[PDB]
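In the form deposited in one PDB entry, a lone chain appears below as structure tokens.
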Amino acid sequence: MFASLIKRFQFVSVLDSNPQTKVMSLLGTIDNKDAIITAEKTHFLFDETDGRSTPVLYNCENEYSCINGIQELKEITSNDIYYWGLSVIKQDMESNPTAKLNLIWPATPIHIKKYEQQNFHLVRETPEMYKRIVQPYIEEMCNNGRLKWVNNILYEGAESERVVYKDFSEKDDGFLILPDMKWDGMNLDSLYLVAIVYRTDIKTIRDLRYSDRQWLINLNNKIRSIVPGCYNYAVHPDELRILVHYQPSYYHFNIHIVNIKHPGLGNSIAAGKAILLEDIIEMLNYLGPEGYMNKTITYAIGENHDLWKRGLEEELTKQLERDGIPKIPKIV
């Protein structure tokens, strides 16, 4: 299915290019419907290898590990103790693929606006701004469409072959953990999982009250007690960065689980987007009974985000004015 759709993709324009991270997003069409492809070069590989078994960390004995797959070298130049050149390395679908590809199709305007390159703004969202600007947006943006994949995973067996943990009695307390769409699933250094809760009344951290703290504590404990054993303790419980996003892309409470060794894709682990789950728990001690409903939350938003023109832009200008920040002359 995947292959068939990639083969029909017709290029329209380049949405974004990041040579630091080797990520690319493409706009196109499939059967005259908009489509988005995101590509990422793979990382280098390392050897995969009482009666306990310990993981061999960072070894280079196997055929495709490290630089064993070099077929061809070419020097660019050299001087003193330095040599600079280029290499071609043997690619192979099973053992050394060249790049990961994601496809969104049919892609919606929200998807295209998200992936187009755009300016970002550090916004300060007060409680009243949330009530006025964001909450009405959330209720609209709770389409059974923009969340169809979440329900697909929860109730229709989607990616069930990949699920790593599932805690469900028929109720609202259970959850499952599975590989994140971002993870290529081969390099443990980039391990990225998402925990999806079954309860539906928490759309964002704004909905977490003081009474939710013990439930959140339990999720933090379960994740760290389970995830390392799924990977033969190749990643330890203290090596998992467990976090939520505000604003999230999808308005259903989901928890991100990332190898501490991962310096991070985009904003997924960045201050201004990511908040540690441990921090969510601790902050509920100090906010009121209504919890994050009472917090003024400062975060990074893109100019293409629907909320920008829906009021965050106008409110950011007024916030800058109130803070005594100059209004930038038109002369520059």
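Sequential numbering from 1, following the sequence displayed.
Omitted here: the form deposited in another entry. The next part is about that form.
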* Do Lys131 and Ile36 share a rigid part in the two-part description of the motion between the shown form and the other one? -> no
* Asked: Compared with this form, is the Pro19-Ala300 Cα separation smaller or larger in the other form, the difference being 3 Å or more?
  -> closer
* Shorter or longer C-alpha distance for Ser13 and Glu313 in the other form, given it differs from this form by 3 Å or more? -> closer
